[PDB]
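Engineer: Begin with these chain(s), straight out of the complex:
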Amino acid sequence: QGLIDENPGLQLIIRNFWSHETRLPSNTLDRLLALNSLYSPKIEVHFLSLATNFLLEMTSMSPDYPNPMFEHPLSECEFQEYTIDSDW
Amino acid sequence: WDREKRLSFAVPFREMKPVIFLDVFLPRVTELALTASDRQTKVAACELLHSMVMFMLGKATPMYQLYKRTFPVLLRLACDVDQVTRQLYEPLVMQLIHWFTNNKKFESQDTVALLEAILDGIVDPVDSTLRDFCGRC
């Protein structure tokens, strides 16, 4: 229930605490197995969401996940970050 | 849509690369990019749409049906009066036009794309602004 803190930092550190190989074992397979054994009778609404969160945040260690998937653009031009207006 | 799927993706890891197909999600994710009250939700789905369409351009290395699925979504979302989605589509629309303008991208999709899009954005009983956007198109 702390994974869903209205405090994003608190639930974030809780996610870090869990995803830790102690609380949630590092290997994707055994991480999955622990997740299967970790469901709370009240979280099935967001149990899948948080499980996906943990699974995908494991992919951070993948030293290609932060890398591009393509390196051969069919149409190649200047690529800089684009801006957007976000008035309240 | 078709008995074969093309949106494979091996998830990178240290020792495994689980391949995941994404063809099934496309309808619903297009709906959410089209319909999501939370601006975070709609914006994230639109970003994902942009990323996956760039990916499937990478995949183009004759998938007409995927293109005809994506065209109306582009039509509806481009003419968003809200600043966010039109803001996305400005570079999106121009950049897809430039992808279209390739000679190797002049075969059976881009022409179909345009003839569908500009015609339908005007023939709609609503959104004459979509007609104007298709005029730009």
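Structural biologist: In hand now; what should we look at? Numbering: from 1, shown residues only, chains lettered A, B, ... in the order given.
Engineer: Helix, strand or coil: sort out the residue of chain B found nearest chain A for me.
Structural biologist: Proximity to chain A, evaluated over chain B using C-beta to the nearest C-beta, is greatest for residue B:12 at 4.0 Å. For the C-beta atoms, the positions are set from N, CA and C on the backbone; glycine is no exception. For residue B:12, the assignment made with DSSP: H, G, I helix; E, B strand; the rest coil gives coil.
Engineer: for it, what are its contacts?
Structural biologist: Contact analysis of residue B:12 by C-beta atoms under 8 Å, 6 or more residues apart in numbering or on different chains lists A:59, A:62-65, A:67.
Engineer: buried ones in the longest helix anywhere in chain B?
Structural biologist: Longest among the helix segments of chain B by residue count, using DSSP state H, is helix B:39-59. For helix B:39-59, the neighbour count (16 or more other C-beta atoms under 10 Å in any protein chain shown) marks B:42-43, B:45-46, B:48-50, B:52-54, B:56-57 as buried.
Engineer: near chain B, from the contacts of residue B:12?
Structural biologist: Residues of those in contact with chain B (C-beta under 8 Å from any C-beta of the partner chain): A:59, A:62-65, A:67.
Engineer: Produce a ChimeraX select command limited to the buried residues of those.
Structural biologist: Buried residues within the ones next to chain B among the contacts of residue B:12, by 16+ other C-beta under 10 Å, are selected in ChimeraX with:
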select /A:62
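Engineer: Can I get the ones next to chain B among the contacts of residue B:12 in CSV including secondary structure?
Structural biologist: Shown next, in CSV, are these (three-state DSSP):
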residue, secondary structure
A:59, helix
A:62, coil
A:63, coil
A:64, coil
A:65, coil
A:67, coil
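Engineer: Just give me the neighbour total for residue A:71.
Structural biologist: 6 (other C-beta atoms under 10 Å in any protein chain shown).
Engineer: now it: how far from chain B?
Structural biologist: Per C-beta to the nearest C-beta, to the nearest Å, residue A:71 is found 10 Å from chain B.
Engineer: let's bring in chain C now:
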Amino acid sequence: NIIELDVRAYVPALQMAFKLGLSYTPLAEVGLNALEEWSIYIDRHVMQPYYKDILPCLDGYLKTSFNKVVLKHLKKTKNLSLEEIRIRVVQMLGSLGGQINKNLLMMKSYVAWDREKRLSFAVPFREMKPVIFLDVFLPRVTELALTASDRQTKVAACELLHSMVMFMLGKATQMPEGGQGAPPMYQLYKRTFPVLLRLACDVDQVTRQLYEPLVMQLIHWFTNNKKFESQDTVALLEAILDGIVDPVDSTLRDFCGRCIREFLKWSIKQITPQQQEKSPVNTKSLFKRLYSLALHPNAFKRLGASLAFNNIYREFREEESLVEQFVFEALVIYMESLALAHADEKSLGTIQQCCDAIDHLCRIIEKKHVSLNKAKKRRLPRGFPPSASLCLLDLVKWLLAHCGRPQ
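Structural biologist: Chain C added:
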């Protein structure tokens, strides 16, 4: 005593020996013994003009580098290489001379052929995914699979060369751009292939029977109307001279001639005909280049042209529309081949190639000489200065008027 005369003509046999002594060391060994003979008997003056052949050819093959303590009377003992050849090579070399031996010996021959090190590879792992650049290994493996002893080792080098070229051709087809053949390795392949082309048909247990099929699948894959847009032409033009018009490797010449006929066959199969009609480099340009190569005055140029035609005749006889459109051209060009072959030595096998050519000509005529018996306004060659509706009688009377030839 006899070989005192025309000492130059004897060098090519030595070059062939040092081309083939790998599979048979005593081959090069007896070539060396002949070298020793020539050193002993002949004067330095006339052997000098090819120290420049001796040392570079000497370079060949040279770059590579019971019984128990108990006294049983050892009755087994009582009842009783290329390397030594290369030792003799260096022996005779030091018996030659510093002026002679320095004949091994500008453009410098390697100027970083590819300025854009695009050929690389990201080696994946568990902690990181390092990236390794492969084009640097490219020229090296070219010389290695090109030149290597240890058929096991040389052929392993060839195997890796095969694998890497297979990878990098597809990688070249990853980010094509405008200009040349997108120049990923286009220009850097117009300089790469000929070695692998001759490796297609090499004297080998293995690399022959896998590289000939390799190049077959390649260039029939590279004869598509989708695989069409000058990616075929780079390899084709590369082949045109090296495979066909070349002093050595005659089996390569025949291999590549039948390869070209097979190639154009597979083209017409998987080229929509207009894509050959709109093709500049096409069957018509093929005819034109054959006319030129027969016309190009040199033993090698004409021999390649004639042998290539004799190869391609297998399908060209099956070709009908072109042969109907092209007889006067073919007849006059083969006439030119005959004239310039009988203006020079006939010991060239191209005289037999031209006999094959006249066989093909009379044969195609005897299918449709009734389609020639009539004056048909098929296109005109330069060998027929009158312009008219071309008839079999027309070529016949032209030949008769041009009989009494100085050759």
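Engineer: so, the neighbour count of residue A:71 revisited with chain C in the model?
Structural biologist: 10.
Engineer: any idea whether it is helix, strand or coil?
Structural biologist: When classified by three-state DSSP, residue A:71 comes out as coil.
Engineer: So which elements touch the longest helix of chain B?
Structural biologist: Identification of packing neighbours for helix B:39-59 by 3 or more C-beta pairs under 8 Å, 6 or more residues apart in numbering or on different chains; DSSP states H and E yields helix B:26-34, helix B:64-78, helix B:83-100.
Engineer: List the residues that contact the nearest residue to residue B:127 once chain neighbours are set aside.
Structural biologist: Among residues not flanking residue B:127 along the chain, residue B:79 sits closest, at 5.8 Å (C-beta to C-beta, 6 or more residues apart in numbering or on different chains). By C-beta under 8 Å, 6+ apart, residue B:79 lies in contact with B:86, B:121, B:127, B:129-130, B:133.
Engineer: try it again with 7 Å
Structural biologist: B:127, B:129-130, B:133 (C-beta atoms under 7 Å, 6 or more residues apart in numbering or on different chains).
Engineer: do the same with residue A:2
Structural biologist: Per C-beta under 7 Å, 6+ apart, neighbours of residue A:2: A:10-11, A:14.
Engineer: If we use 10 Å, what do you get?
Structural biologist: Contact partners of residue A:2, counting by C-beta atoms under 10 Å, 6 or more residues apart in numbering or on different chains, are A:10-11, A:13-15, A:17-18.
Engineer: Let me know the closest of the residues you listed to residue B:24.
Structural biologist: Proximity of those to residue B:24 (C-beta to C-beta) peaks at residue A:15, which lies at 27.7 Å.
Engineer: The host helix or strand of that closest one and chain B, are they touching?
Structural biologist: Mapping residue A:15 onto the secondary structure by DSSP states H and E places it in helix A:8-19. No - using C-beta under 10 Å from any C-beta of the partner chain, helix A:8-19 never reaches chain B; the gap is at least 12.5 Å.
Engineer: neighbouring contacts of whichever helix in chain A runs longest?
Structural biologist: The longest helix of chain A (DSSP H) is helix A:44-58. Contacts of helix A:44-58 with the rest of the structure, by C-beta under 10 Å, 6+ apart, involve A:3-4, A:11, A:15-16, A:18-19, A:24, A:26-28, A:31-32, A:34-36, A:38-41, A:43, A:65, B:11, B:13, B:18.
Engineer: Put this one in as chain D:
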Amino acid sequence: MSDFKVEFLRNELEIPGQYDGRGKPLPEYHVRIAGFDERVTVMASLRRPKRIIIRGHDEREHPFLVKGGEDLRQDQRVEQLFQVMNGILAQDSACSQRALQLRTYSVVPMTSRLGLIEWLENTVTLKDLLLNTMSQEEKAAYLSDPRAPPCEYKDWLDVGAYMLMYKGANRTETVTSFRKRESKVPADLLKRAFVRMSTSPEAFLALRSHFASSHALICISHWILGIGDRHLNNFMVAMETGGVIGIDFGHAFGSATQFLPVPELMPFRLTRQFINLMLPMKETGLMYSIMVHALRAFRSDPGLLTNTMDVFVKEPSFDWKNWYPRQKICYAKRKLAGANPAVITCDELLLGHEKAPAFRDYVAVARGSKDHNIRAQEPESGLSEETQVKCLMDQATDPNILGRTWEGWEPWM
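Structural biologist: Time to bring in chain D:
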């Protein structure tokens, strides 16, 4: 191929100047023309260089540049002589003992209003060969915005007023000006291009070392002639291997600066990048000895040179449009019998530029800018190999950028 289709019926039409056989019979099927890759490739210049592309008998394209209207037979003699001596001048140190070899070129003009040459199409001028190497936006701005004002117009100031501004130009201010020329142009990017074209650094080493030595010998040949390669854009270099060909023989017999509307204080161009090919070279080493060998082999050349360019007409029309042939051969003999580069440069300057502003300044910086430059006047009209070459490289090659420079003379580059 237009009027009369490709055929040998008329004649095996074939490249001019390539039957040049020293008594040996030339081949009949010798490399000739059959077919054509002719497209409209006409470069824009005073000569309208027409690079006509010749698919020879091999059907391989042979682009041939075609110039315009001037005494281009002068260029023919220049190239022929270049082959003559350079081909027997200095290839290697041992071969300089032999006195052989230098890479040269040939041109075949048709009339005094046309000239046919061969368009190599595998070369590039130095300025272009660099302009594609750096960040091209630097090539635009850095060589456009801070090019004339900060260094060139600090040296002078003003077009038109440029020469009279050099009348108010001196040694140290133009030394600072040249220092700003170094800040008007990039540096060491020559090494970048070289290494990106170098797979083996040492085959590289030999190649560009011979390139630099050959360029220096070409430069002293320029000094001998007075060839008008004002800017580095004039000078060519084969992108393939650095092959060298002369450019713009519009001035000779000491006319490099004899009638020039703009100042040309160069006995030979000393572009800084040619020095910055690699920093540790002091230019006092290998090529220094190379030109020492050259002048060592420059003994019996007047018996042919002065006997050859003056053999026929003594170079007509090369100085009226850019005079006495007796005067021209006098200058050639003076420069050829062993001459001070400073004295030759100053006499060439004052002859015709005496009315030009800073004429005294021009001839002075010709004699030298600083003391270690003005001492060049002392070994006047003759001095030893090493002395002459170091004099030319120091008191003549340097003070061209230290007295005054024409903006189109390309001082920064």
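Engineer: Revisit the contacts of residue A:2 given that chain D is now included?
Structural biologist: A:10-11, A:13-15, A:17-18.
Engineer: Could you export those residues as JSON lines, including neighbour count?
Structural biologist: Converted to JSON lines, the contacts of residue A:2 look like this (neighbours: other C-beta atoms under 10 Å in any protein chain shown):
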{"residue": "A:10", "neighbour count": "13"}
{"residue": "A:11", "neighbour count": "16"}
{"residue": "A:13", "neighbour count": "13"}
{"residue": "A:14", "neighbour count": "17"}
{"residue": "A:15", "neighbour count": "18"}
{"residue": "A:17", "neighbour count": "13"}
{"residue": "A:18", "neighbour count": "19"}
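Engineer: quick one: which of the residues you listed is nearest to chain B?
Structural biologist: Nearest member of the contacts of residue A:2 to chain B, counting by C-beta to the nearest C-beta, is residue A:11, at 16.3 Å.
Engineer: With adjacent residues omitted, what lies nearest to that closest one?
Structural biologist: Once flanking residues are discounted, residue A:11 sits nearest to residue A:5: 3.5 Å by C-beta to C-beta, 6+ apart.
Engineer: residues in contact with residue D:292?
Structural biologist: Each residue near residue D:292 by C-beta under 10 Å, 6+ apart is listed here: D:90, D:96, D:384-390.
Engineer: Okay, whichever residue of chain A sits closest to chain C and chain D: tell me how far apart.
Structural biologist: At 3.5 Å from chain C, residue A:72 is the closest residue in chain A, using C-beta to the nearest C-beta. Distance, residue A:72 to chain D, using C-beta to the nearest C-beta: 22 Å.
Engineer: The helix or strand following the helix holding residue A:15 near chain B anywhere?
Structural biologist: On the C-terminal side of helix A:8-19, the closest following helix or strand by DSSP H and E is helix A:28-36. Yes - counting by C-beta under 10 Å from any C-beta, chain B has neighbours in helix A:28-36: A:28-29.
Engineer: what's helix A:28-36 in contact with?
Structural biologist: By C-beta under 10 Å, 6+ apart, helix A:28-36 touches A:18-19, A:21, A:23-25, A:27, A:38, A:47-48, A:50-52, A:54-55, A:58-59, A:61-62, B:11, B:13-16, B:18.
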